[PDB]
file data09.txt (compact mmCIF, N, CA, C and O atoms)
# COMPACT_ATOMS: atom_id res chain seq x y z
N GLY A 37 -29.02 -1.84 -55.06
CA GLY A 37 -30.14 -1.26 -55.80
C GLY A 37 -30.89 -0.23 -54.99
O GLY A 37 -31.84 -0.56 -54.27
N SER A 38 -30.48 1.03 -55.11
CA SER A 38 -31.12 2.12 -54.38
C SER A 38 -31.52 3.25 -55.33
O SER A 38 -31.11 3.27 -56.49
N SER A 39 -32.33 4.18 -54.83
CA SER A 39 -32.78 5.31 -55.63
C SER A 39 -31.94 6.54 -55.36
O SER A 39 -31.98 7.11 -54.27
N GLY A 40 -31.17 6.96 -56.36
CA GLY A 40 -30.32 8.13 -56.21
C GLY A 40 -28.96 7.95 -56.87
O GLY A 40 -28.08 7.29 -56.31
N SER A 41 -28.79 8.54 -58.05
CA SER A 41 -27.54 8.43 -58.78
C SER A 41 -27.25 9.72 -59.55
O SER A 41 -28.14 10.28 -60.19
N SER A 42 -26.00 10.17 -59.49
CA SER A 42 -25.60 11.39 -60.18
C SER A 42 -24.14 11.31 -60.62
O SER A 42 -23.41 10.40 -60.23
N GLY A 43 -23.73 12.26 -61.45
CA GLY A 43 -22.36 12.28 -61.94
C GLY A 43 -21.81 10.88 -62.16
O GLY A 43 -20.89 10.45 -61.46
N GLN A 44 -22.37 10.17 -63.14
CA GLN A 44 -21.93 8.82 -63.45
C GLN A 44 -21.41 8.73 -64.88
O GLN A 44 -21.45 9.71 -65.62
N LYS A 45 -20.91 7.56 -65.25
CA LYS A 45 -20.38 7.34 -66.59
C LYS A 45 -21.47 6.84 -67.53
O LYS A 45 -21.57 7.28 -68.67
N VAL A 46 -22.28 5.91 -67.04
CA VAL A 46 -23.36 5.34 -67.84
C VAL A 46 -24.04 6.42 -68.69
O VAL A 46 -23.96 6.39 -69.92
N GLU A 47 -24.69 7.36 -68.02
CA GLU A 47 -25.37 8.45 -68.72
C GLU A 47 -24.47 9.09 -69.76
O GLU A 47 -24.87 9.32 -70.90
N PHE A 48 -23.23 9.37 -69.37
CA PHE A 48 -22.26 9.98 -70.27
C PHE A 48 -22.10 9.15 -71.54
O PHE A 48 -22.17 9.68 -72.65
N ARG A 49 -21.87 7.85 -71.37
CA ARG A 49 -21.70 6.95 -72.50
C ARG A 49 -22.84 7.11 -73.50
O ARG A 49 -22.61 7.40 -74.68
N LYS A 50 -24.06 6.92 -73.03
CA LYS A 50 -25.24 7.04 -73.89
C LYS A 50 -25.18 8.31 -74.72
O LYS A 50 -25.33 8.27 -75.94
N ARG A 51 -24.94 9.44 -74.06
CA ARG A 51 -24.86 10.72 -74.74
C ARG A 51 -23.83 10.68 -75.86
O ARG A 51 -24.06 11.20 -76.95
N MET A 52 -22.69 10.04 -75.59
CA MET A 52 -21.62 9.93 -76.58
C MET A 52 -22.09 9.11 -77.78
O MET A 52 -21.81 9.47 -78.93
N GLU A 53 -22.79 8.02 -77.52
CA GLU A 53 -23.29 7.15 -78.58
C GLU A 53 -24.14 7.94 -79.57
O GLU A 53 -23.98 7.81 -80.78
N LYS A 54 -25.04 8.76 -79.04
CA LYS A 54 -25.92 9.57 -79.88
C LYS A 54 -25.11 10.60 -80.67
O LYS A 54 -25.32 10.78 -81.87
N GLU A 55 -24.20 11.28 -79.98
CA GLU A 55 -23.36 12.30 -80.62
C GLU A 55 -22.53 11.69 -81.74
O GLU A 55 -22.62 12.10 -82.90
N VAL A 56 -21.71 10.70 -81.39
CA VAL A 56 -20.85 10.03 -82.37
C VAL A 56 -21.64 9.66 -83.62
O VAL A 56 -21.34 10.13 -84.72
N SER A 57 -22.65 8.81 -83.45
CA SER A 57 -23.48 8.38 -84.57
C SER A 57 -23.92 9.56 -85.42
O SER A 57 -23.71 9.59 -86.63
N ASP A 58 -24.53 10.55 -84.77
CA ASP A 58 -24.99 11.75 -85.46
C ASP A 58 -23.90 12.32 -86.36
O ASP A 58 -24.15 12.71 -87.50
N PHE A 59 -22.68 12.36 -85.84
CA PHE A 59 -21.54 12.89 -86.59
C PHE A 59 -21.21 11.99 -87.78
O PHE A 59 -20.90 12.48 -88.86
N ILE A 60 -21.29 10.68 -87.56
CA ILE A 60 -21.00 9.72 -88.62
C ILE A 60 -21.90 9.94 -89.83
O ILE A 60 -21.42 10.11 -90.95
N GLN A 61 -23.21 9.95 -89.60
CA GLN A 61 -24.18 10.15 -90.67
C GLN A 61 -23.94 11.48 -91.37
O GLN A 61 -23.99 11.57 -92.60
N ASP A 62 -23.67 12.52 -90.58
CA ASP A 62 -23.42 13.85 -91.13
C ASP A 62 -22.19 13.84 -92.04
O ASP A 62 -21.07 13.61 -91.58
N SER A 63 -22.41 14.09 -93.32
CA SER A 63 -21.32 14.11 -94.29
C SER A 63 -20.49 15.38 -94.15
O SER A 63 -19.26 15.33 -94.09
N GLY A 64 -21.16 16.52 -94.10
CA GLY A 64 -20.47 17.79 -93.97
C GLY A 64 -19.40 17.76 -92.90
O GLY A 64 -18.31 18.29 -93.08
N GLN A 65 -19.72 17.13 -91.77
CA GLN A 65 -18.78 17.03 -90.66
C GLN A 65 -17.73 15.96 -90.93
O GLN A 65 -18.05 14.78 -91.06
N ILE A 66 -16.47 16.37 -91.01
CA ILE A 66 -15.37 15.45 -91.26
C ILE A 66 -14.65 15.09 -89.97
O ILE A 66 -13.96 14.07 -89.89
N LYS A 67 -14.81 15.92 -88.95
CA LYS A 67 -14.18 15.69 -87.66
C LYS A 67 -14.94 16.40 -86.54
O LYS A 67 -15.83 17.22 -86.80
N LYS A 68 -14.60 16.08 -85.30
CA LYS A 68 -15.25 16.68 -84.14
C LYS A 68 -14.26 16.85 -82.99
O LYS A 68 -13.52 15.93 -82.66
N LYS A 69 -14.27 18.03 -82.39
CA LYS A 69 -13.38 18.33 -81.27
C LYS A 69 -14.14 18.34 -79.95
O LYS A 69 -14.87 19.28 -79.66
N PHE A 70 -13.97 17.28 -79.16
CA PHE A 70 -14.64 17.17 -77.87
C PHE A 70 -13.87 17.92 -76.79
O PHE A 70 -12.67 18.13 -76.91
N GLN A 71 -14.58 18.31 -75.74
CA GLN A 71 -13.96 19.04 -74.63
C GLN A 71 -13.76 18.13 -73.43
O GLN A 71 -14.63 17.32 -73.08
N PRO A 72 -12.60 18.26 -72.77
CA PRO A 72 -12.26 17.45 -71.59
C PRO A 72 -13.10 17.82 -70.38
O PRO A 72 -12.72 18.68 -69.58
N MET A 73 -14.25 17.17 -70.24
CA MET A 73 -15.14 17.43 -69.11
C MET A 73 -14.72 16.63 -67.89
O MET A 73 -14.73 17.14 -66.77
N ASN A 74 -14.35 15.37 -68.10
CA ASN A 74 -13.93 14.50 -67.01
C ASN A 74 -12.58 13.87 -67.32
O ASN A 74 -12.01 14.07 -68.40
N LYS A 75 -12.06 13.10 -66.37
CA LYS A 75 -10.77 12.43 -66.54
C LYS A 75 -10.95 11.06 -67.19
O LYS A 75 -10.14 10.65 -68.02
N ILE A 76 -12.02 10.37 -66.82
CA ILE A 76 -12.31 9.05 -67.37
C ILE A 76 -13.14 9.16 -68.64
O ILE A 76 -12.96 8.38 -69.58
N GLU A 77 -14.05 10.12 -68.67
CA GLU A 77 -14.92 10.33 -69.82
C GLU A 77 -14.13 10.17 -71.12
O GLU A 77 -14.68 9.77 -72.15
N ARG A 78 -12.84 10.49 -71.07
CA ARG A 78 -11.98 10.38 -72.24
C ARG A 78 -11.94 8.94 -72.76
O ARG A 78 -12.28 8.67 -73.91
N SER A 79 -11.52 8.02 -71.89
CA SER A 79 -11.43 6.62 -72.26
C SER A 79 -12.79 6.08 -72.69
O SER A 79 -12.89 5.34 -73.67
N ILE A 80 -13.83 6.46 -71.95
CA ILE A 80 -15.18 6.01 -72.26
C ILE A 80 -15.55 6.35 -73.70
O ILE A 80 -15.93 5.47 -74.48
N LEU A 81 -15.45 7.62 -74.06
CA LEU A 81 -15.77 8.07 -75.40
C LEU A 81 -14.95 7.31 -76.44
O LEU A 81 -15.49 6.82 -77.44
N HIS A 82 -13.65 7.22 -76.21
CA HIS A 82 -12.76 6.51 -77.12
C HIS A 82 -13.33 5.15 -77.50
O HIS A 82 -13.37 4.78 -78.68
N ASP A 83 -13.78 4.41 -76.50
CA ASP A 83 -14.36 3.08 -76.73
C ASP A 83 -15.59 3.17 -77.62
O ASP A 83 -15.69 2.47 -78.63
N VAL A 84 -16.52 4.04 -77.25
CA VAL A 84 -17.75 4.23 -78.02
C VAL A 84 -17.44 4.51 -79.49
O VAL A 84 -18.17 4.08 -80.38
N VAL A 85 -16.35 5.24 -79.73
CA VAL A 85 -15.94 5.58 -81.08
C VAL A 85 -15.45 4.35 -81.84
O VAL A 85 -16.08 3.90 -82.79
N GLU A 86 -14.32 3.81 -81.39
CA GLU A 86 -13.74 2.63 -82.03
C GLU A 86 -14.82 1.62 -82.40
O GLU A 86 -14.71 0.92 -83.40
N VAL A 87 -15.87 1.57 -81.59
CA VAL A 87 -16.98 0.65 -81.83
C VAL A 87 -17.89 1.16 -82.94
O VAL A 87 -18.37 0.39 -83.77
N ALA A 88 -18.11 2.47 -82.95
CA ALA A 88 -18.96 3.10 -83.97
C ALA A 88 -18.36 2.94 -85.36
O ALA A 88 -19.08 2.81 -86.35
N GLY A 89 -17.03 2.96 -85.43
CA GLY A 89 -16.35 2.82 -86.70
C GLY A 89 -15.64 4.09 -87.12
O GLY A 89 -15.54 4.39 -88.31
N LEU A 90 -15.15 4.84 -86.14
CA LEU A 90 -14.44 6.09 -86.42
C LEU A 90 -13.08 6.10 -85.74
O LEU A 90 -12.77 5.24 -84.91
N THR A 91 -12.25 7.09 -86.09
CA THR A 91 -10.92 7.21 -85.51
C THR A 91 -10.94 8.13 -84.29
O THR A 91 -11.40 9.27 -84.37
N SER A 92 -10.43 7.63 -83.17
CA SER A 92 -10.39 8.40 -81.93
C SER A 92 -8.95 8.70 -81.53
O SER A 92 -8.03 7.95 -81.85
N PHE A 93 -8.76 9.82 -80.83
CA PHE A 93 -7.43 10.22 -80.38
C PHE A 93 -7.53 11.32 -79.32
O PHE A 93 -8.57 11.95 -79.16
N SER A 94 -6.43 11.53 -78.61
CA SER A 94 -6.39 12.55 -77.56
C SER A 94 -5.24 13.53 -77.80
O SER A 94 -4.10 13.13 -78.04
N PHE A 95 -5.55 14.82 -77.73
CA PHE A 95 -4.55 15.86 -77.94
C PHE A 95 -4.75 17.01 -76.96
O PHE A 95 -5.84 17.57 -76.86
N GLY A 96 -3.69 17.36 -76.25
CA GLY A 96 -3.76 18.44 -75.28
C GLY A 96 -2.54 19.34 -75.32
O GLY A 96 -1.44 18.89 -75.63
N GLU A 97 -2.74 20.62 -75.01
CA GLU A 97 -1.65 21.58 -75.01
C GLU A 97 -0.75 21.39 -73.80
O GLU A 97 0.47 21.36 -73.92
N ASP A 98 -1.36 21.27 -72.63
CA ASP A 98 -0.62 21.08 -71.39
C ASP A 98 -0.91 19.71 -70.78
O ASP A 98 -2.03 19.21 -70.87
N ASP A 99 0.11 19.11 -70.17
CA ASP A 99 -0.03 17.80 -69.55
C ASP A 99 -1.32 17.72 -68.74
O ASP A 99 -2.02 16.70 -68.76
N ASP A 100 -1.64 18.80 -68.03
CA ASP A 100 -2.84 18.85 -67.21
C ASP A 100 -4.09 18.89 -68.09
O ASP A 100 -5.08 18.22 -67.80
N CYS A 101 -4.04 19.68 -69.15
CA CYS A 101 -5.16 19.81 -70.07
C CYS A 101 -5.03 18.83 -71.23
O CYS A 101 -4.11 18.92 -72.03
N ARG A 102 -5.97 17.89 -71.31
CA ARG A 102 -5.96 16.89 -72.38
C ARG A 102 -7.37 16.65 -72.91
O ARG A 102 -8.22 16.10 -72.22
N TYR A 103 -7.61 17.07 -74.15
CA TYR A 103 -8.91 16.91 -74.78
C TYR A 103 -8.91 15.71 -75.73
O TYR A 103 -7.86 15.19 -76.09
N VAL A 104 -10.10 15.28 -76.13
CA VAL A 104 -10.24 14.15 -77.03
C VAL A 104 -10.83 14.59 -78.37
O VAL A 104 -11.79 15.36 -78.41
N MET A 105 -10.25 14.09 -79.46
CA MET A 105 -10.72 14.43 -80.80
C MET A 105 -11.09 13.17 -81.58
O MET A 105 -10.67 12.06 -81.22
N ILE A 106 -11.86 13.34 -82.64
CA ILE A 106 -12.27 12.22 -83.48
C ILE A 106 -12.28 12.60 -84.95
O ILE A 106 -12.60 13.74 -85.31
N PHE A 107 -11.93 11.65 -85.81
CA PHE A 107 -11.89 11.88 -87.25
C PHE A 107 -12.63 10.78 -88.00
O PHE A 107 -12.95 9.73 -87.43
N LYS A 108 -12.92 11.03 -89.27
CA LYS A 108 -13.62 10.06 -90.10
C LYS A 108 -12.65 9.07 -90.73
O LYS A 108 -11.43 9.22 -90.61
N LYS A 109 -13.19 8.06 -91.41
CA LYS A 109 -12.36 7.05 -92.06
C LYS A 109 -11.53 7.67 -93.18
O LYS A 109 -10.31 7.49 -93.22
N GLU A 110 -12.19 8.39 -94.08
CA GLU A 110 -11.50 9.03 -95.19
C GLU A 110 -10.75 10.27 -94.73
O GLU A 110 -9.65 10.55 -95.20
N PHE A 111 -11.35 11.01 -93.80
CA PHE A 111 -10.73 12.22 -93.27
C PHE A 111 -9.87 11.90 -92.05
O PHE A 111 -9.53 12.79 -91.27
N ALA A 112 -9.51 10.63 -91.90
CA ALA A 112 -8.69 10.20 -90.78
C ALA A 112 -7.25 10.69 -90.93
O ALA A 112 -6.71 10.78 -92.03
N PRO A 113 -6.62 11.03 -89.80
CA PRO A 113 -5.24 11.53 -89.78
C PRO A 113 -4.23 10.44 -90.13
O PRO A 113 -4.52 9.25 -90.04
N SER A 114 -3.04 10.86 -90.54
CA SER A 114 -1.98 9.93 -90.92
C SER A 114 -1.04 9.67 -89.75
O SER A 114 -1.03 10.42 -88.77
N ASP A 115 -0.24 8.62 -89.86
CA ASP A 115 0.71 8.26 -88.81
C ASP A 115 1.63 9.43 -88.49
O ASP A 115 1.58 10.01 -87.41
N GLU A 116 2.48 9.78 -89.46
CA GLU A 116 3.42 10.89 -89.28
C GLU A 116 2.69 12.15 -88.83
O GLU A 116 3.14 12.84 -87.92
N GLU A 117 1.57 12.45 -89.49
CA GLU A 117 0.79 13.63 -89.16
C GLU A 117 0.31 13.58 -87.71
O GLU A 117 0.30 14.60 -87.02
N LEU A 118 -0.08 12.40 -87.26
CA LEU A 118 -0.56 12.21 -85.90
C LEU A 118 0.51 12.62 -84.89
O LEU A 118 0.23 13.36 -83.94
N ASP A 119 1.73 12.14 -85.09
CA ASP A 119 2.84 12.46 -84.20
C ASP A 119 3.06 13.97 -84.13
O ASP A 119 3.22 14.53 -83.04
N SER A 120 3.08 14.61 -85.29
CA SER A 120 3.29 16.05 -85.36
C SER A 120 2.11 16.80 -84.74
O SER A 120 2.29 17.80 -84.04
N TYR A 121 0.90 16.31 -85.00
CA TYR A 121 -0.30 16.94 -84.47
C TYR A 121 -0.21 17.11 -82.96
O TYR A 121 -0.47 18.19 -82.43
N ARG A 122 0.17 16.04 -82.26
CA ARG A 122 0.30 16.08 -80.81
C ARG A 122 1.41 17.03 -80.39
O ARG A 122 1.22 17.88 -79.52
N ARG A 123 2.58 16.88 -81.01
CA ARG A 123 3.73 17.73 -80.70
C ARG A 123 3.39 19.20 -80.93
O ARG A 123 3.95 20.08 -80.28
N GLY A 124 2.48 19.46 -81.86
CA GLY A 124 2.09 20.82 -82.16
C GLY A 124 1.90 21.06 -83.65
O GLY A 124 1.77 20.11 -84.42
N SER A 125 1.88 22.33 -84.04
CA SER A 125 1.69 22.68 -85.45
C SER A 125 3.01 22.59 -86.21
O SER A 125 3.10 21.92 -87.24
N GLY A 126 4.03 23.27 -85.70
CA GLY A 126 5.33 23.25 -86.34
C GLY A 126 6.44 23.71 -85.42
O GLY A 126 6.82 24.88 -85.40
N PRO A 127 6.98 22.77 -84.63
CA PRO A 127 8.06 23.06 -83.68
C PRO A 127 9.38 23.37 -84.38
O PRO A 127 10.38 23.68 -83.74
N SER A 128 9.38 23.28 -85.71
CA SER A 128 10.57 23.54 -86.50
C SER A 128 11.41 24.65 -85.86
O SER A 128 12.62 24.51 -85.71
N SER A 129 10.75 25.74 -85.50
CA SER A 129 11.43 26.87 -84.88
C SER A 129 12.20 26.44 -83.64
O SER A 129 13.38 26.76 -83.48
N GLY A 130 11.53 25.69 -82.77
CA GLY A 130 12.17 25.21 -81.55
C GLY A 130 11.22 25.16 -80.38
O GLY A 130 10.05 25.54 -80.50

call {"tool": "encode", "arguments": {"input": "data09.txt", "output": "structure tokens"}}
result
Amino acid sequence: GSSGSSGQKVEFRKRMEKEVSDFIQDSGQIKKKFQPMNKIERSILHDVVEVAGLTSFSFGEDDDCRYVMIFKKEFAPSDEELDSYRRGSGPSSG
């Protein structure tokens, strides 16, 4: 128990709780695209979501770059769609 704390998860979590909820109440907003600020922040947010009552997921273009996204219950993504979403828009070409 000392005085002095920075760059932690706790604070981050709280912020997520407020954001998530705000998005839930907001009808106009059907989804939200979060930015990969930290490496763990991803898992943290995911938890806060599943608890809030929304759909959470992670999608990134490059293995190194991985962002987190969230969708609503009704506007939630589908199984097949989810797989394709991660793989990309339409790899049909190759």

call {"tool": "select_by_dssp", "arguments": {"input": "data09.txt", "residues": "stretch 47-126 of chain A", "states": "helix (DSSP H, G or I)", "output": "number ranges by chain"}}
result
A: 47-61, 77-88, 115-123

call {"tool": "atom_distance", "arguments": {"input": "data09.txt", "atom1": "atom N of residue A:86", "atom2": "atom CA of residue A:56"}}
result
9.1 Å

call {"tool": "atom_distance", "arguments": {"input": "data09.txt", "atom1": "atom C of residue A:66", "atom2": "atom O of residue A:127"}}
result
27.2 Å

call {"tool": "atom_distance", "arguments": {"input": "data09.txt", "atom1": "atom O of residue A:75", "atom2": "atom C of residue A:41"}}
result
19.1 Å

call {"tool": "closest_residue", "arguments": {"input": "data09.txt", "among": "A:96, A:89, A:43, A:37", "to": "residue A:60", "atoms": "only N, CA, C and O atoms"}}
result
A:89

call {"tool": "select_by_dssp", "arguments": {"input": "data09.txt", "residues": "chain A", "states": "strand (DSSP E or B)", "output": "ChimeraX atom specification"}}
result
/A:67-69,91-95,103-107

call {"tool": "residues_around", "arguments": {"input": "data09.txt", "residues": "residue A:123", "least_positions_apart": "5", "cutoff": "8 Å", "atoms": "only N, CA, C and O atoms", "output": "list in words"}}
result
residues 95, 96, 97, 117 and 118 of chain A

call {"tool": "closest_residue", "arguments": {"input": "data09.txt", "among": "A:62, A:122, A:73, A:109", "to": "residue A:85", "atoms": "only C-alpha atoms"}}
result
A:109
